[PDB]
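Shown here is one chain on its own, the form deposited in one PDB entry, set out as C-alpha cells.
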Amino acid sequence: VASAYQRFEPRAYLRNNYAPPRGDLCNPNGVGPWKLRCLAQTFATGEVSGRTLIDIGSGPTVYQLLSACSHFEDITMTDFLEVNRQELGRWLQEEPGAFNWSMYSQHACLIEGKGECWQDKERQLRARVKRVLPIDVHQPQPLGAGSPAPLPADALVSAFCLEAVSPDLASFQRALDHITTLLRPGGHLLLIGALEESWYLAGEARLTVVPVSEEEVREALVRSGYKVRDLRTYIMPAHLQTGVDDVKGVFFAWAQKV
C-alpha cells in the first residue's frame, strides 16, 4: 500500500471524484450532496461538539469539514503523503493553483440553511484549521509521539481512508483501533467510506481497496468500542460509475466512543 500511494496524484484524484459528474452538485441525487447532507444533519443535532477535531487521512480535500468547522475551534487535518499536505496548504493559504471547493462550500451553506454566504464558511474553515500533520493509521500511534495535535481529540472525521489503505478486514480493524486511541472517551467519530469497492485510480497510481459491507463496518465499529448512533448507505447510481473505480456504494457512520 504505502508503496502504491507513492504514485498518488492529488490533481487526478480531485478530478476523478470532485469534478463533474460526481463534482456536479446540482443534482440532489448525487454522491456529493449525499455526503454533505449526512455531515450537515449530524452536526445540526448539536450532539457533536467540543474544542478540538482531527480529520484522519484528509488527502487533498476539505469538503468533509465544511459543516464541522462551525463546531470546533481547533481543527487538525492530516495525511500520509507530503504532496497532499501541500495541496491542502495551497487551499488553506489561498495560494496559486488551489483547488476550487466553492461549489461544495455553497452547497454546505445551502444544506445547513442558516443563510450563510460560502465565503464566510470557507473563511471559518481556513481559520480553524491550525495544522496539517503527517499520519499513518497503521502505527499504534498514528500521529507519533509529541505531535502538535491536542489529544485526546473531541471529535474525529475520516473519509475514504481506512478501507483505502488496508489490504483486508483485519488491517481495517487495527487501523480503526489505532485512530480511536486519538478519540477522547465519549467522543464522536464521523466515518465515510466506500462500500464493496476494490480499487480506484489517482493518476498513475492504482490503489487497492478492501471490499467492505455495511455489517462489516458496523461490527468493526462496535469491536473498537463504539456505540453506533447512525449508519447510512448510498448506492452509487449508474451515471456516477465512471471507470475511476468500481465502488458500489458509500457509507456514513456516526459512532460515539463508549
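Note that the rigid core is defined as the largest set of C-alphas that superpose within 1.5 Å between two forms. Counting begins at 1, following the sequence as shown.
Relative to one another, 100-108 and 136-144 have unequal mean CA B-factors, and 136-144 is the one with the higher figure.
Look at the C-alpha B-factors of 145-153 and of 75-83. On average they run higher in 145-153. Ranked against the other modelled residues of its chain, the C-alpha B-factor of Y5 as given in the entry falls in the highest third.
Among the modelled residues of its chain, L176 has a C-alpha B-factor that falls in the middle third according to the deposited record. Sort the modelled residues of the chain by CA B factor and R206 lands in the middle third. For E116, the recorded CA B-factor ranks within the lowest third of the chain. Only modelled residues enter the ranking. The PDB entry assigns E47 a C-alpha temperature factor belonging to the highest third of its chain's modelled residues.
Not on display, but discussed next: the form deposited in another entry.
For the set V228, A44, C26, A205, a Cα shift of at least 2 angstroms between this form and the one not shown, after rigid core superposition, holds for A205 and for no other residue.
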